[PDB]
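Structure, as structure tokens:
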Amino acid sequence: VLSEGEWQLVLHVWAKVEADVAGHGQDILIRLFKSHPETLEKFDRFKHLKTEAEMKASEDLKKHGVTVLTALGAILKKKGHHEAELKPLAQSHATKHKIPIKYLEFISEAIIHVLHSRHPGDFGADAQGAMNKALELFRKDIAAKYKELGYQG
Ligand code: HEM
């Protein structure tokens, strides 16, 4: 459970992300795909992309980055009270998209790295630890739904 002070650190940096949702979404998905190429293979929509320049030039990838970060921002702003938001996301990601929890760990690393690059003054160690806790809570709660449905592993 995050404290109020931890949530304030999380949402303070997230308010900075929302100034350029699309650029953050690009940087995060590209980092994910470069650092963990198995993740790109899960996207029929993107797996034709073979270089970082092609990824950066894809408007559709930019659009999807906004989709992803909008969903995450709505979860973070619930401060843990996010059951309604996680139900459909866990269902689609477990049963339709077939995304292991481990890949949610990978995107969480990518998010933290990009926030550190873009917002160092609002993403010191205290905020890094708080965002790591928020993303762990996200994964814990999604993992419980995966387990219900027979997909935790
Ligand atoms: C912060 C974590 C993530 C969030 C908030 C998120 C959010 C979303 C949302 C809102 C959608 C569209 C609605 C839906 O299908 O549920 C979507 C689609 C999808 N996501 Fe995620 N996602 C996350 C992580 C991942 C990861 C790590 C992968 C793959 C490694 C992945 C793969 C997919 C795929 C394949 C689709 C469908 C894309 C398409 O063909 O249109 N997601 N995601």
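Numbering of chain A is taken from Swiss-Prot, so the residues present carry the numbers 2-154, in order.
Just so it is clear, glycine is given a Cβ too, placed from its N, Cα and C backbone atoms.
Per-class residue totals from DSSP over the domain 'Globin' (2-148), listed helix then strand then coil: 118 helix, 0 strand, 29 coil. If you look up Swiss-Prot, you'll see 2-148 marked as domain 'Globin', on the strength of sequence analysis.
Residues or ranges marked as phosphoserine in Swiss-Prot (evidence: similarity to another entry): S4. Sequence-distant contacts of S4 (phosphoserine), defined by Cβ-Cβ distance under 8 angstroms and a gap of at least six in the same chain, do not exist.
According to Swiss-Prot, the feature nitrite binding site maps to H65, an assignment based on similarity to another entry.
Feature annotation from Swiss-Prot assigns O2 binding site to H65; the stated evidence is experimental evidence.
Annotation for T68 (phosphothreonine): spatial neighbours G26, criterion Cβ-Cβ under 8 Å with sequence separation of six or more. Summarising the annotation, Swiss-Prot assigns phosphothreonine to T68 and lists similarity to another entry as the type of evidence.
Marked as heme b binding site by Swiss-Prot: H94.
If you draw a 10 Å sphere around the CB of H94 (heme b binding site), it holds 21 other CB atoms from the protein chains shown.
Residues near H65 (nitrite binding site) in space but far in sequence (CB under 8 A, at least 6 apart, same chain), listed by position: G26, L30, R46, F47.
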